[PDB]
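Q: So that we are looking at the same thing, I have put the structure below in structure tokens.
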Ligand SMILES: NS(=O)(=O)c1ccc2oc(=S)[nH]c2c1
Ligand SMILES: NS(=O)(=O)c1ccc2oc(=S)[nH]c2c1
Ligand SMILES: [Zn+2]
């Protein structure tokens with residue numbers, strides 16, 4: 001894999017190695033709030049993160065992932081548009097070089113400074129690798145980040161970034177509670193989509209929260225000090241690791257609220 005976010009290997013180039021990039025249910029997308037329809041049949045989302053077991057944080061060259069123990073139902077997402085139980089496996093963010101860009105999904109074309117993706121897989125498929133091969137294999141909870149007041153629950157992440165500056169570095173990250181990354185409201189929009197990075201598999205039920213969380217300028221500034229490169233290689237700041245909105249095609253975005 002040589003894909004990335006540069007001019008020579010960015011989103012415009014991905015289709016040559018991952019043809020599904022021009023598929024029928026690609027993500028992210030722009031959420032047109034006026035066109036999204038309230039669906040009375042949608043259920044309240046059920047986010048059960050009390051028993052979450054975080055293990056490690058890794059810089060994988062495109063973002064940093066906080067990984068969880070998913071060998072048991074410890075942190076799960078259920079309800080909403082989902083049927084079944086989805087286990088949290090990892091979370092990561094996409095962000096910009098400037099506060100005015102960074103999110104993958106947009107709301108009425110508005111771009112947020114960053115976007116958090118809490119990734120969950122459908123337990124009926126047994127493991128994550130099998131789940132990504134299914135249309136309903138994953139449920140990703142997307143949360144927008146706007147720059148304003150600091151998010152207390154995010155500080156432990158910000159403070160460990162110095163230890164995983166470059167690609168391939170990891171650090172112990174146990175006892176991190178992801179509940180501190182959520183906004184107050186769980187109102188959301190939902191639609192069928194895909195992974196936003198290669199392999200771009202069309203296996204995701206996207207659940208995007210309406211309420212952004214606020215993070216401080218200093219917190220996001222630290223995200224921008226990370227590197228896409230490995231140690232001992234020319235420094236390339238890890239910024240603008242977001243894919244732009246893709247064609248909605250034959251899909252409807254549904255709202256859980258009126
Ligand atoms: N993965 S990809 O985005 O299609 C892509 C784009 C440009 C590339 O140049 C080399 S060399 N490998 C590459 C892979
Ligand atoms: N950016 S994202 O769509 O949330 C996402 C989530 C899980 C993933 O697993 C692989 S592999 N690529 C992924 C992209
Ligand atoms: Zn993501």
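One-based numbering along the chain as shown.
Recorded method for this deposit: X-ray crystallography, 1.5 Å.
Cβ from N, Cα, C; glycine included.
Not my notes, these are from Swiss-Prot:
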DOMAIN    1-257  domain 'Alpha-carbonic anhydrase'
ACT_SITE  62  active site, proton donor/acceptor
BINDING   92, 94, 117  Zn(2+) binding site
MOD_RES   163  phosphoserine
MOD_RES   170  phosphoserine
BINDING   196, 197  substrate binding site
Q: Are any of 117, 163, 170, 196, 197 (the recorded positions) within 10 Å of residue 62 (active site, proton donor/acceptor) when you go C-alpha to C-alpha, and if so which?
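A: For residue 62 (active site, proton donor/acceptor), the recorded positions whose Cα atoms are within 10 Å come to 197.
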Q: Give me the CA-CA distance between residue 163 (phosphoserine) and residue 170 (phosphoserine), in Å, as a whole number.
A: 8
Q: C-alpha of residue 170 (phosphoserine) to C-alpha of residue 92 (Zn(2+) binding site): distance in Å?
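A: Approximately 14 Å lies between the Cα of residue 170 (phosphoserine) and that of residue 92 (Zn(2+) binding site).
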Q: Residues other than 92, 94, 117 within 8 Å, Cβ to Cβ centroid, of the Zn(2+) site?
A: 63, 91, 93, 104, 115, 116, 196
Q: Please list residues from the chain of residue 117 (Zn(2+) binding site) whose Cβ is under 8 angstroms from its Cβ, counting only those at least six apart in sequence.
A: 91, 92, 93, 94, 140, 141, 142, 196
Q: Taking the recorded positions one at a time (163, 197), which has its Cβ surrounded by the most other Cβ atoms within 10 Å?
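A: Buried the deepest by this measure is 197.
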Q: Hey, does DSSP put residue 196 (substrate binding site) in a helix, a strand, or just coil?
A: coil
Q: Could you check the recorded positions 170, 196 and say which one's CB has the most other CB atoms within 10 Å?
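A: Of 170, 196, the one with the most crowded Cβ is 196.
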Q: Could you list, ordered by sequence, which of these recorded positions: 92, 117, 170, have a Cβ under 6 Å from ligand 2?
A: 117
Q: Looking at the recorded positions 62, 117, 163, 170, 196, which have a C-beta within less than 6 Å of some atom in ligand 3?
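A: Only 117, 196 meet the Cβ criterion.
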Q: I need the most crowded of these recorded positions: 62, 92, 94. Count other C-beta atoms within 10 angstroms of each C-beta and give me the top one.
A: 94
